[PDB]
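Input: a single structure, listed below in structure tokens.
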Amino acid sequence: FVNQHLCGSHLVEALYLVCXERXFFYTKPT
Amino acid sequence: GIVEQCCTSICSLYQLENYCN
């Protein structure tokens, strides 16, 4: 992977996949 | 945070992999 700009639930849909068990947390409202 | 890196730059599942908890 060298190019896959993702935003909204899409950008996390990738995070939700990378983990899929730990329950990552998008720090957007940080 | 990463919004400007995953929404503007490239979001590699490897870099965001450190966003687990």
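Data table
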| item | result |
| --- | --- |
| Label-point separation, A:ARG22 to B:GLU4 (7 Å along Cα→Cβ), nm | 2.5 |
| Between chain B and the stretch A:3-30, the alpha-carbon center distance in angstrom | 7 |
| Karplus 3J(HN,Hα) series, Hz, for the stretch A:2-15 with 6.51 cos²θ - 1.76 cosθ + 1.60 (x for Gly, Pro) | 9, 5, 7, 3, 9, 10, x, 4, 4, 4, 7, 3, 7, 5 |
| Cα-based shape type of the protein assembly as shown, given that a ≥ b ≥ c are square roots of the gyration tensor eigenvalues and the cut on a/c is 1.5 | oblate |
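Here the Cβ is made from the backbone with ideal geometry for all residues, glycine too, and neighbour counts use every protein chain on show. Here, each number is a calculation from the coordinates, and none is a lab measurement.
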